[PDB]
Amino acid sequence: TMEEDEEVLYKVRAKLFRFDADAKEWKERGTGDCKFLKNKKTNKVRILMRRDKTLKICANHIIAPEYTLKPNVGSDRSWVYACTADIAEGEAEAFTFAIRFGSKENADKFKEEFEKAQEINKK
């Protein structure tokens, strides 16, 4: 699965969204376990999300420290941030993401582990 040489820092169930600004519409991308994976050899923490049942990747990017977690106008359990290099479906395309969780606690906790991992990528 090419995940052995890594460590699990945070795990949460989520529904991932992407923006289609050409249509002004949110489009789902995946539902499954959103994991934070710290590289044992490079200490880099990435996001790796796989869809349930089919186990297909829908998110694969570095938790970059220059990323900012803004709220969505109609949600207290979601975060909207812009990604500049996601390699889920191939080349490092850039996406405007939104990730939603089951409750507000998991979302606020997600912002915690997301700003922690933002620091480990500065080292």
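The first residue of the sequence shown is number 1, and the count goes up from there.
Colleague: Do the CA atoms of 105-113 or those of 9-17 have the higher mean B-factor in the entry?
Modeller: The entry gives the higher C-alpha B-factor average to 105-113.
Colleague: According to the deposited model, is the average Cα temperature factor higher in 74-82 or in 37-45?
Modeller: Between 74-82 and 37-45, it is 37-45.
Colleague: Among the modelled residues of this chain, does the Cα B factor of residue 32 put it in the lowest, middle or highest third?
Modeller: Residue 32: CA B-factor falls in the lowest third of its chain.
Colleague: Would you please rank residue 55 by its C-alpha temperature factor against the other modelled residues of its chain and give the third it falls in: lowest, middle or highest?
Modeller: Middle third, going by the recorded CA B-factors of the chain.
Colleague: Among the modelled residues of this chain, does the Cα B factor of residue 98 put it in the lowest, middle or highest third?
Modeller: Ranked within chain, residue 98 CA B lands in the lowest tercile.
Colleague: When the deposited Cα B-factors of this chain's modelled residues are ordered and cut into thirds, is residue 87 in the lowest, the middle or the highest one?
Modeller: Middle third of the chain for residue 87's C-alpha B-factor.
Colleague: By the record's CA B-factor, is residue 63 among the lowest, middle or highest third of residues in the chain?
Modeller: According to the entry, residue 63 has a C-alpha B-factor in the chain's lowest third.
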